[PDB]
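Engineer: Mind having a look at this structure? Questions to follow.
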Amino acid sequence: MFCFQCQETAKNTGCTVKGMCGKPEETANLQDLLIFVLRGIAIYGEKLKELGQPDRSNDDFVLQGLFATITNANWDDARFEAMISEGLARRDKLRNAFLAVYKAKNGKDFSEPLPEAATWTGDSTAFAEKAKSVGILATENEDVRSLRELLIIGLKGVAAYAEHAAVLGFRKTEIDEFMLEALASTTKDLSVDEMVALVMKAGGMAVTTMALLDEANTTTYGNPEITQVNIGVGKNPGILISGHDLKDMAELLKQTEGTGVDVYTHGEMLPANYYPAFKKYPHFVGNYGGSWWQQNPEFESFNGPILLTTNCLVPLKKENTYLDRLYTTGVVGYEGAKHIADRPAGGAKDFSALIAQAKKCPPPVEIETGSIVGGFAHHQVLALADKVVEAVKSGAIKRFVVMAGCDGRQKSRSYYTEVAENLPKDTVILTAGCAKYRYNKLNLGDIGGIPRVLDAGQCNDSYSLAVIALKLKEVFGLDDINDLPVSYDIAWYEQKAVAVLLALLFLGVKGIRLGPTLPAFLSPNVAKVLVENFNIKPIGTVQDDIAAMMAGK
Ligand code: SF4
């Protein structure tokens with residue numbers, strides 16, 4: 001196999017036998033074959049748009065297919081085989097439509113050679129063998145490979161956010177059109193300038209999409225607000241909801257009300273605690289456990305059903321006993337785990353089986369007590385702008401350090417905990433995404449009532465951090481966003497974090513420290529372009545990076 005899309009890739013060059021995440025060769029290869037089919041859909045879908053007859057019937061299929069290939073999202077080979085077969089049928093429909101339109105417009109049959117993605121077909125028996133030859137290493141030129149894969153990796157992060165926006169009824173034609181433009185580009189021989197421009201256009205579409213999801217979430221569930229979240233447990237059985245999807249949360253809360261089954265969040269569902277629409281339910285206890293990578297012992301000790309709305313779902317250890325109470329939904333899949341089917345349009349998902357099962361389970365084992373404070377998304381922080389601005393002017397807050405991003409298992413990530421613990425006491429950490437778990441259970445206190453860790457929410461809520469920075473740029477009358485007293489020390493793991501990075505680069509942020517390692521998918525020449533254009537830096541020692549950041553460097 002070959003896969004190098006997450007921070008944990010083997011030797012920081014690429015997984016070749018079995019993924020460090022657990023992804024087997026067969027699964028990895030099927031994900032490659034799906035992306036190949038998506039490129040075929042894109043070839044025709046882009047041409048139909050160019051001919052003045054766009055077809056948007058595959059918008060949801062494309063978003064969900066990309067999302068299913070994100071790290072820790074879907075482990076069920078049958079789901080991939082089904083998507084590949086459906087994708088081939090969708091592609092052929094577009095092809096037939098295209099051939100007719102082309103003939104009408106040109107007075108002749110289409111006869112130009114096309115990439116194999118546009119024409120290859122087979123039944124499911126043929127998938128495993130074909131998959132071996134349509135992966136990443138089929139691009140021989142290392143720089144073209146780097147730029148094509150950087151594009152696809154950012155694109156699938158954008159697709160995840162777009163899917164959540166679509167679930168909530170929010171969509172923009174430019175997003176769906178760009179999915180096909182970007183996918184199709186990876187089958188064309190383009191100049192370096194053209195390939196880099198596509199990556200920067202993806203960063204701009206990440207801004208669009210992150211803004212759309214921010215709109216979708218807050219319009220539907222209210223603006224996040226300051227909230228104290230219990231991390232201890234109650235005395236009823238519970239259901240633990242993980243991942244990112246807030247519509248799934250809304251439905252789970254409604255369906256569990258009055259049943260005697262409590263609801264707890266996990267991981268990237270922690271920010272559901274911050275939304276007014278959800279805070280109104282007394283049986284919503286709080287947040288259980290830590291970061292995604294600790295889930296094997298924590299899902300075990302939770303004792304009740306676990307619902308995965310998105311990644312990250314980690315494979316079970318041999319000794320784990322919770323498969324029978326593990327539920328997947330949306331793009332998530334796992335062999336042997338019960339899947340909750342998509343809601344009908346205008347309707348809701350059916351979580352009744354989780355509720356019936358939870359009633360048969362013991363309450364969660366308490367693994368800690370206390371609380372987490374959060375809910376500092378853009379509306380809440382801008383509501384406190386006068387207070388924040390005065391603290392900056394008085395010197396009570398000397399600097400903000402953006403430590404948003406995504407966590408992982410490597411021990412080198414102790415760096416983030418140690419930076420948080422050793423930053424001077426007149427600094428404030430701004431966070432969003434599971435990177436927060438390296439420092440959100442410390443006792444850093446507050447500065448004049450402003451907590452020293454301000455959690456804006458999920459990784460998508462990095463959008464709020466950009467809104468806040470842009471507000472502060474305006475208040476302080478600065479010409480360049482980089483001249484604010486803000487440093488960026490971002491942790492990444494998977495593809496959504498890469499989309500957030502590209503959005504920040506599109507917004508003009510320079511000097512970002514990215515860690516705990518730099519992506520394997522940046523070739524030496526591409527890495528050099530990014531360094532020269534954007535001053536991206538690797539992490540150094542805790543002492544050196546704190547001293548540099550405090551100097552604004
Ligand atoms: S998702 Fe990450 S750990 Fe898993 S196979 Fe790909 S690069 Fe390796």
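Every chain in the structure tokens has a letter given in the order shown (A, B, ...), and although residue numbers restart at 1 in each chain, ligands are simply numbered from 1 in the order shown.
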Excluding residue 198 in chain A and its own-chain neighbours fewer than 6 positions away, which residues fall within 12 Å of it when counting only C-alpha atoms? Please give them as a JSON list (two decimals) with N, CA and C atoms, in the first residue's frame.
Structural biologist:
```json
[["chain", "number", "residue", "atom", "x", "y", "z"],
["A", 147, "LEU", "N", 2.29, 18.11, -4.97],
["A", 147, "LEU", "CA", 1.29, 19.13, -5.19],
["A", 147, "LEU", "C", -0.11, 18.58, -5.45],
["A", 148, "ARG", "N", -0.20, 17.45, -6.13],
["A", 148, "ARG", "CA", -1.49, 16.81, -6.34],
["A", 148, "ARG", "C", -2.06, 16.27, -5.02],
["A", 149, "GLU", "N", -1.22, 15.62, -4.23],
["A", 149, "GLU", "CA", -1.70, 15.02, -2.99],
["A", 149, "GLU", "C", -1.98, 16.11, -1.96],
["A", 150, "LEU", "N", -1.17, 17.17, -1.87],
["A", 150, "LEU", "CA", -1.47, 18.30, -0.98],
["A", 150, "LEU", "C", -2.84, 18.84, -1.32],
["A", 151, "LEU", "N", -3.14, 18.99, -2.61],
["A", 151, "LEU", "CA", -4.45, 19.46, -3.04],
["A", 151, "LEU", "C", -5.57, 18.54, -2.59],
["A", 152, "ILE", "N", -5.43, 17.25, -2.84],
["A", 152, "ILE", "CA", -6.48, 16.29, -2.48],
["A", 152, "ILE", "C", -6.68, 16.22, -0.96],
["A", 154, "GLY", "N", -6.00, 18.65, 1.33],
["A", 154, "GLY", "CA", -6.75, 19.82, 1.74],
["A", 154, "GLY", "C", -8.19, 19.73, 1.30],
["A", 155, "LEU", "N", -8.43, 19.24, 0.09],
["A", 155, "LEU", "CA", -9.78, 19.14, -0.43],
["A", 155, "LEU", "C", -10.66, 18.24, 0.40],
["A", 178, "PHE", "N", -15.76, 23.34, -7.17],
["A", 178, "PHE", "CA", -14.32, 23.23, -6.92],
["A", 178, "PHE", "C", -13.91, 21.79, -6.61],
["A", 179, "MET", "N", -14.77, 21.02, -5.95],
["A", 179, "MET", "CA", -14.45, 19.61, -5.69],
["A", 179, "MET", "C", -14.07, 18.93, -7.02],
["A", 180, "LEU", "N", -14.88, 19.16, -8.05],
["A", 180, "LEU", "CA", -14.60, 18.55, -9.38],
["A", 180, "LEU", "C", -13.43, 19.20, -10.12],
["A", 181, "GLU", "N", -13.30, 20.51, -10.02],
["A", 181, "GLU", "CA", -12.16, 21.16, -10.64],
["A", 181, "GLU", "C", -10.85, 20.59, -10.05],
["A", 182, "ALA", "N", -10.78, 20.48, -8.73],
["A", 182, "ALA", "CA", -9.58, 20.01, -8.06],
["A", 182, "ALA", "C", -9.30, 18.56, -8.35],
["A", 183, "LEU", "N", -10.31, 17.70, -8.22],
["A", 183, "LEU", "CA", -10.12, 16.29, -8.53],
["A", 183, "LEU", "C", -9.67, 16.11, -9.98],
["A", 184, "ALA", "N", -10.37, 16.75, -10.92],
["A", 184, "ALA", "CA", -10.01, 16.59, -12.33],
["A", 184, "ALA", "C", -8.59, 17.07, -12.59],
["A", 185, "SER", "N", -8.14, 18.13, -11.90],
["A", 185, "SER", "CA", -6.80, 18.69, -12.16],
["A", 185, "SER", "C", -5.71, 17.66, -11.94],
["A", 186, "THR", "N", -5.95, 16.71, -11.04],
["A", 186, "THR", "CA", -4.95, 15.71, -10.70],
["A", 186, "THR", "C", -4.77, 14.64, -11.75],
["A", 190, "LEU", "N", -0.02, 19.78, -15.54],
["A", 190, "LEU", "CA", -0.09, 21.22, -15.31],
["A", 190, "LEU", "C", 1.26, 21.72, -14.88],
["A", 191, "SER", "N", 1.48, 23.01, -15.11],
["A", 191, "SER", "CA", 2.72, 23.66, -14.69],
["A", 191, "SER", "C", 2.76, 23.77, -13.17],
["A", 192, "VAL", "N", 3.92, 24.01, -12.61],
["A", 192, "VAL", "CA", 4.06, 24.21, -11.17],
["A", 192, "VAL", "C", 3.21, 25.41, -10.73],
["A", 204, "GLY", "N", -8.60, 29.23, -0.14],
["A", 204, "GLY", "CA", -9.71, 30.17, -0.20],
["A", 204, "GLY", "C", -11.05, 29.47, -0.06],
["A", 205, "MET", "N", -11.20, 28.28, -0.65],
["A", 205, "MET", "CA", -12.44, 27.54, -0.49],
["A", 205, "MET", "C", -12.59, 26.97, 0.94],
["A", 502, "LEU", "N", -4.31, 25.67, 5.23],
["A", 502, "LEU", "CA", -4.40, 26.33, 3.93],
["A", 502, "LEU", "C", -5.27, 27.57, 4.04],
["A", 506, "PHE", "N", -4.04, 31.29, 3.09],
["A", 506, "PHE", "CA", -4.83, 32.14, 2.19],
["A", 506, "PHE", "C", -5.12, 33.50, 2.83]]
```
Engineer: Please identify the helix (DSSP H, G or I) residues within range 260-416 of chain A (assignment by DSSP from backbone atoms) and present them as number ranges by chain.
Structural biologist: A: 267-274, 276-279, 292-302, 323-325, 352-358, 378-383, 385-394, 411-416
Engineer: What are the closest atom pairs, with distances in Å to one decimal, for all residues of range 135-179 of chain A lying within 8 Å of range 245-255 of chain A? Consider only C-alpha atoms, order rows by chain and residue number, and present the result as a tab-separated table.
Structural biologist:
```
residue	atom	partner	partner_atom	distance
A:164	CA	A:245	CA	6.5
A:167	CA	A:247	CA	7.5
A:168	CA	A:247	CA	7.0
```
Engineer: Tell me, in Å to one decimal, how far CA of residue 333 in chain A is from CA of residue 79 in chain A.
Structural biologist: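 Result for CA of residue 333 in chain A versus CA of residue 79 in chain A: 7.2 Å, one decimal.
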Engineer: Please identify every polymer residue within 10 Å of ligand 1, using only C-alpha atoms and all ligand atoms, and present the set as a PyMOL selection string.
Structural biologist: chain A and resi 1-25+27-28+69-73+493-495+519-521
